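Before any comments, here is the structure.
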Amino acid sequence: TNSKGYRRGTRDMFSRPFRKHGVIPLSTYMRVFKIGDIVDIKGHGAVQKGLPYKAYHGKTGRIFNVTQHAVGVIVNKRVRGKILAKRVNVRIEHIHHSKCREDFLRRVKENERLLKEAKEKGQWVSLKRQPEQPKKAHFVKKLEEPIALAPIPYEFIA
Amino acid sequence: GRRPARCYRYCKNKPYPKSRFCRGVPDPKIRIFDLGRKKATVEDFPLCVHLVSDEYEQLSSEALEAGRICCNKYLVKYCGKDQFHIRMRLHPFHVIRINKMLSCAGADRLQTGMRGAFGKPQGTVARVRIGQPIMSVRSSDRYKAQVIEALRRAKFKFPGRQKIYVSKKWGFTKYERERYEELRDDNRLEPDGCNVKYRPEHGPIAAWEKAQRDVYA
Amino acid sequence: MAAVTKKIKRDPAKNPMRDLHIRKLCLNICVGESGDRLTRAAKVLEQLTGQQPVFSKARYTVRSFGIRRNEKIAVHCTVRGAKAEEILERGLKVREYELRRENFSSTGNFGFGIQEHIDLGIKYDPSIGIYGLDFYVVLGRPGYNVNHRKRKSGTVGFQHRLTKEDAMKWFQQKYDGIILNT
Amino acid sequence: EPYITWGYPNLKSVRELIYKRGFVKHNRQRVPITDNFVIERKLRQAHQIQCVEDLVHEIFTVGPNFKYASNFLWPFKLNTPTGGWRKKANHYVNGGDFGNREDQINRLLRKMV
Amino acid sequence: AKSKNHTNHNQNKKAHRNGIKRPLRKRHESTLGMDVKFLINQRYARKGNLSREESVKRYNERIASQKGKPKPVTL
Amino acid sequence: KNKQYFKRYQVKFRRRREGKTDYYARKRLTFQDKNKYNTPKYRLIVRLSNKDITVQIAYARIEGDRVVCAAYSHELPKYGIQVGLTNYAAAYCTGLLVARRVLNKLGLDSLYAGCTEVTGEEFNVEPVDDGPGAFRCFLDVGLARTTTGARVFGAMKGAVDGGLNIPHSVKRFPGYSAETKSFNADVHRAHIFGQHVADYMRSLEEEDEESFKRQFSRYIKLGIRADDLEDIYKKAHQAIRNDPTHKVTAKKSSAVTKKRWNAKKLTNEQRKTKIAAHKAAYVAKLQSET
RNA sequence: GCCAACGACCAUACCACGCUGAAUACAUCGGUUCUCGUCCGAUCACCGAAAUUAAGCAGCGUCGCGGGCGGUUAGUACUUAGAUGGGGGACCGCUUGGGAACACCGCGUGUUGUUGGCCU
RNA sequence: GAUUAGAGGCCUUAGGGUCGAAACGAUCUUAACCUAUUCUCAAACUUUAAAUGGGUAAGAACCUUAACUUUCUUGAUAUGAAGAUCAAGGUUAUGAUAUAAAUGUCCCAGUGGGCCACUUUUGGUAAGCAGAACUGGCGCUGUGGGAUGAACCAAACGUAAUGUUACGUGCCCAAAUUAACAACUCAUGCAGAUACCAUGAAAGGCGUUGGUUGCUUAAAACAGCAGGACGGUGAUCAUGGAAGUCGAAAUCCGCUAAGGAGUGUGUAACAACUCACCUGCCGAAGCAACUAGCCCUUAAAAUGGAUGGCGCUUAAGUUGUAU
RNA sequence: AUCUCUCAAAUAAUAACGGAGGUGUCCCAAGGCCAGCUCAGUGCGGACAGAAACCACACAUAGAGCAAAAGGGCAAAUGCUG
RNA sequence: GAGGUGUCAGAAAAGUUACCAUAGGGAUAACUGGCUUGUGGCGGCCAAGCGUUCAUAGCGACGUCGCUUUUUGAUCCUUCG
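Residue numbers (UniProt numbering), protein chains in the order written: chain X, 2 to 159; chain A, 2 to 218; chain D, 1 to 182; chain F, 140 to 252; chain R, 2 to 76; chain E, 8 to 297.
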């Protein structure tokens, strides 16, 4: 009859997944985050002074706090419906980077350079993003082994 | 209180445990899960046969015991006592969910209209997927007419539709019969009680070498 | 395994490094009573070795002998270096040092137990009491502190780690203690 | 895909589609065709289209002005295809109607429009 | 009286009738609940940016007054 | 026993196996305040061997740890110190070495002259005004115990007397009697000038010839009597204050692929054929008997 | 090709066993006057080297364990979506698209930072 | 965690012993144990692990660059961080749209009891019961269609004419008893008839009609009618008989195309005696279990009446389908 | 009112008099923090020495401890000792 | 800050009326119908055996799976003007 309160429902979430227990790495005690370096909020089991509570874990956010050994985030969570902002304070080793910006920054500097090579011939930019297309119309020699090549099933009886 | 047999044709209650937390569990009397000459080697019984069903059918605990006794009496009256290896491959860990209705005699007079509805254990049952092999016999090849024509009287204790497989394995092992021969011939199948040894090559040397020694000398 | 030996002439696997020295001797006074039995045992050890005796607050109450936790039940001590080699040979005459077979552990160290602790050249002094004692001397190889140093601390392997024969060699070569496989 | 029946048209469908049951959408209203004017008046400078067979050209041949070349159309009002719909039950490839039909859309649009 | 309660039914459908709407959108967001100062240290530097044409170039000759900065390349 | 015991096992990392760090000190050593972003914390490293004591200056980064400054007792042969490379006297000049070597790097050779005439002076240097903020320094004790009288503080002592900047307290010095100071400040004048060792030569000068054949050996091999030790230090210290040579070395080179040398690792063709060299022998040992 | 210090990623880096290790070294080893802890100068501590390459450590070997990683298992199992699709229900067959895994086979057995120094 | 089977063992935990005074010599066995496995399992067990759905991001509120700013705890570039201000800058950076987007009051009248189907699902044996998460709908809603029925499936309702479709055509019923058939199915007291839906299971059929796998036949098989069928040996097991025969340890053969220590009517002896078998006879298909469409048994209600009525039967019927 | 493990369909949220339980305390050390030093077991051991004590040595991935229920973390610690 | 509100956002609070008088309720029973059937009447199946012999004349254990609504509870769907 309960959630209500403060750490219930942490079966596979809040601990350490397999073969990573014990002493923390020291890479994540080194990282640096400016204002606007978009970052994630996730779970941990090796700094037991601080957590993001039962709903947040698995969400990412902006950073507008720079402090002693903490990070204060903006994050969106579902109320019904007034989806608000929330300011959560947390010690740093709960937190991983976004890599979702980390494709986009090399989407920038290619476009500053591929326009820069375009600045000698003019046409054309072609600088937006497009997924795969309907391709072509080949003609295909066998070339490699003419047809039939006939796999027809018969397998049930066992 | 040994409720009638129709009430558990469907696995629709939860996959239950048997805990070290709840005391009060009665006895599942199935203390035998295999009959026949269990002291036989693999070479004694080349033939294999199972008995299998075709549903997600829940199977009661009781006809397992009938499945023990009924095919036993045919096989001890037909083809010798020790010429087979009966195996009923299935453990009834699942529990059924009962409130007992011994609310009589007047001195108690409240318990339950349906407030509340907890459970108590009285027996067990078994949960069967599709093609789950249940009742199997490992015998010699000369008693195929003995086992299946005794297996009729065990199929009519396990409910619903059931098909009958004749294996192509060499007994209860995990090896096909024609596959069984050629890898046995040198060292690669080392004999044991009900099974064999898969690939003694790894390792690293001496176990291959000790198996190399006794087949030469 | 599949590793060529070929014996480069820097050692015949000789003895500059397996020179087999005594790590320590442990003296234990297992008395089944605290208090007066403790302090009468306590004035013994201060002239056997001259060391400050370390006692033993007991584990728990097994109830079988009326003995409990924290009892200070017994006396013990450790002695190593320049003092252990003389108190052992004062015991070997009491031990009649042709000792029995076991008496021995496979670690390369061993020990024994005695009655009548007066005969190592001490005054009896009947105010102190008679006492049966057990002993345990620890041999070793110099370099064994790698399992017990604070830094860069590693284990041994099969060598230079000892077997029961190494002490049984050292028991029979020097002090001439024949093994008594009895 | 259970609720839409999408297909790839021929020549004669798309010529006949904007012609027969085509309307156009200038100033977010729906005033149909009646001349060449209803494209040219509002597709002349910033886009390069001014005849009805040129609006063909930026759809049937597919090009880089296409995305503005069919928000320009109001959705049509196809009638109902006589002979019927054969079942309307399932996807195409068991029973037959909606889905990945992609080539037999032309036998529909000869009727439905 | 056990009738039917506790239940989240239809309640979502009535929330997606007015759109779900990330709070507003803003540019110069508020600054509250932080380190309280840091914040007023900017207030000094907010009083500091006086030159776009007058003092911005006077220091550049004074950069060369110490013949450049060859020494402190690590600190 | 212990078959599947390997499967659920995992380790403590690499330097815990070889016993190099602790991960408990260093993390809360290099726990940089995150408000400062990547201004380095710049700790000082001192490690020791049975023959040598070492002095490093390093700081952490994201990939690892750049070590800007280094020292050994191996350089002290250039400064008149022949033997006794594990002395508290020897601990002083080593910390004194890098204490101006960084001052050549940043050019702060003039300012922060440090404690000049050392006779055991508790001199925390003052932060100067109107110019260069002084380069702070933090102390690591590594894995050794920071008891009152450890030699690692002697490496700090030449560092703090050379002009380096440490939040530094005095209760862990050798000679400062813990019950109770009473700061006998002249005890480091006996420490830094090696008199605590130089008495042991003099108090064994007439007792045992075999004492010199024992420890403080090789002083007799160079005629080092128990009188002149402090002036070897004092002449080294001004020479340390003259210039550290910054370890110029130009052999360049006899290093590459000598000789092979470390048993290149026997690929798949020479693995199974070595097995094939071993498989055919065992059937031959059976074919010998028949 | 190494060695040290500091590391970093923290098993391809581990463990069992066997073998080697030039130099630099690391160590091992030795003493107890002072710092100094100690029941115990063994662990700690101060002094420094006679002896040592045995161990440790490094390097390597093992159809070694372990782990990394590939290929098949397998479009199988489960599955979002759809139906005037059957069946007595149980449960399964199709349309729609994502799509596994242990086992089973093979390959691999530390990569590297800066700081020095060594030179087989 | 719980859990089934034995095996492999130097075992010395060793329980019974055993050859031995015990054995300490020796020898099995049985309990332990380890080693390799093996049958199964998990709502409160996890070494990996999906689809569906969570989260941010997909630039001019930019992106690089200068030196300025800092009354600072940090840091000597009096770095760094953020700030203001110049310098360079493509066409703004995924698709598809916008029936228009954007907000402050009245806290504005109501309403704070609900119901259901599919999957997913607890409680209970369970129900047109309760208890829910994610949708769609019913209340608010008519409607064309299963006669009927708030939800089923088509479609969501300004007044009108025409044309045309998601269920169904013998007829009441508007439309075929089709210039569309292939087979299907015989029902003796409800044969069956259009999903929910208002039913029918466990087990058979020399009922039929399709099959798979086994055999065997033209050196003529089956069915069908001809000859033989015991002795060596009452050697033998069995005496309530064994002599061929309730039941047989055994055990061959002789005889011969074919006769076996024998097939025989709850034959107690010998016997009588026909089988098996071979050949005559006839000469193209036969036979064993197996699998699964419909009918078929199953299967029993009280007012007399229900595919919805009339009714149908190389259909108006159960199935795949043409137009 | 209030706490956990599930019940919960891998974001969170959530049901019934559903299941297993828990709490109205306790601690100047069971707190604060530096220091040293690693337990569960199990092997071979050792007068009196088994289930008996105590010392020694190896294997000890945590099979313990951490006031209390149950989860979670926990290995020169968040435990033992000081 | 504490003394205090454990029915935990906070009234200070014991009974029963077969003499009981009212607003009403099917949001809530006893009775009548209604789907369900653990209960019980009710048959099927395979045969472990019994039946002197003989499994199946009649029987049919151990277990296997099925209909009715007489009761027995279930549930609260309708009638409390």
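Ideal Cβ positions, reconstructed from N, Cα and C, are used throughout, including at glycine.
Per DSSP, cross-strand counterpart(s) of residue 113(D): 134(D)
Which residue comes first and which comes last in the beta strand (DSSP E) that contains residue 71(X)? 71-75
Note down the Cα distance separating residue 217(A) from residue 278(E), rounded to an integer number of angstroms. 26 Å
Segment limits, beta strand (DSSP E) that includes residue 285(E): Where residue 285(E) is concerned, there is no enclosing beta strand (DSSP E), although the alpha helix (DSSP H) it sits in stretches over 275-294.
Which residues in chain D have a C-beta closer than 9 Å to the C-beta of residue 25(E)? List them in chain order. 152, 154
What are the complete beta strand (DSSP E) segments, minimum 3 residues, inside the segment 76-137 of chain A? 86-89, 125-128
Tell me where the alpha helix (DSSP H) around residue 118(X) begins and ends. 101-119
So if DSSP puts residue 143(E) in a beta bridge, which residue, or which two residues, is it bridged to? 172(E)
Closer than 7 Å by beta-carbon distance: list the chain E residues that pair up with residue 106(X), in chain order. Chain E residues near residue 106(X): none, gap ~17 Å exceeds 7 Å.
For residue 226(E), would you say it is in contact with chain X, using Cβ-to-Cβ distances shorter than 8 Å as the test? no
Taking a contact to mean a Cβ-Cβ separation below 8 Å, would you say residue 79(D) touches residue 27(D) in this structure? yes
Would you give the residue range spanned by the beta strand (DSSP E) that residue 64(X) belongs to? 60-64
Taking buried to mean at least 16 other C-beta atoms within 10 Å of its own C-beta, is residue 125(A) buried or exposed? buried
With DSSP as the reference, identify every bridge partner of residue 79(D), one or two as the case may be. 25(D)
Is the closest heavy atom of the ligand ZN to the C-beta of residue 210(E) under 7 Å? With respect to the ligand ZN, the structure offers nothing, as it holds no ligand at all.
Between residue 142(E) and chain R, is any beta-carbon pair separated by less than 8 Å? yes
Measuring CB to CB, does residue 129(A) end up less than 8 Å from residue 63(A)? no
Going along chain R in order, which residues have a C-beta closer than 8 Å to the C-beta of residue 113(E)? 72, 73, 75, 76
Please classify residue 235(E) as buried or exposed, where buried requires at least 16 other C-beta atoms within 10 Å of its C-beta. exposed
Hey, does residue 236(E) have any beta-carbon neighbour from chain D nearer than 8 Å? no
On the three-state DSSP scale, how would you describe residue 72(E)? strand
So, residue 83(E) versus residue 97(E), is the Cβ gap smaller than 8 Å? yes
Exposed or buried, residue 122(E), counting other C-beta atoms within 10 Å across all chains shown (16 or more means buried)? buried
Check distances from the C-beta atoms of the segment 150-172 of chain E to those of chain D and list, in chain order, the residues that come in under 7 Å. 150
Cβ closer than 8 Å: which chain E residues qualify as neighbours of residue 23(X)? 17, 19
In this structure, what does DSSP give as the bridge partners for residue 190(F)? None; residue 190(F) has no bridge partner.
With distance defined between alpha-carbon atoms, name the residue in 86(E), 147(E), 260(E), 78(E) nearest to residue 36(E). 147(E)
Assuming the contact rule is C-beta atoms closer than 8 Å, residue 116(X) and residue 109(X) should be a hit. Round their C-beta distance to whole Å, please. Their Cβ separation, rounded to whole angstroms, is 11 Å, which puts residue 116(X) and residue 109(X) out of contact at 8 Å.
Suppose contacts are defined by Cβ-Cβ distances below 8 Å. Is residue 50(D) in contact with residue 90(D) by that definition? no
Classify residue 188(A) as buried or exposed, calling it buried when 16 or more other Cβ atoms lie within 10 Å of its own Cβ. buried
Among residues of its own chain, excluding the 5 on either side of residue 126(D), which ones have a beta-carbon nearer than 8 Å to its beta-carbon? none
Mark residue 108(D) as exposed unless 16 or more other C-beta atoms lie within 10 angstroms of its C-beta, in which case mark it buried. buried
Going by C-alpha distance, which of 182(F), 250(F), 191(F) is nearest residue 218(F)? 250(F)
Where residue 293(E) meets chain A, residues with beta-carbon distance less than 8 Å: 213, 214, 217, 218
Residues bridged to residue 61(E) (per DSSP): 54(E)
Please check if any C-beta of chain E sits within less than 8 Å of the C-beta of residue 80(X). no
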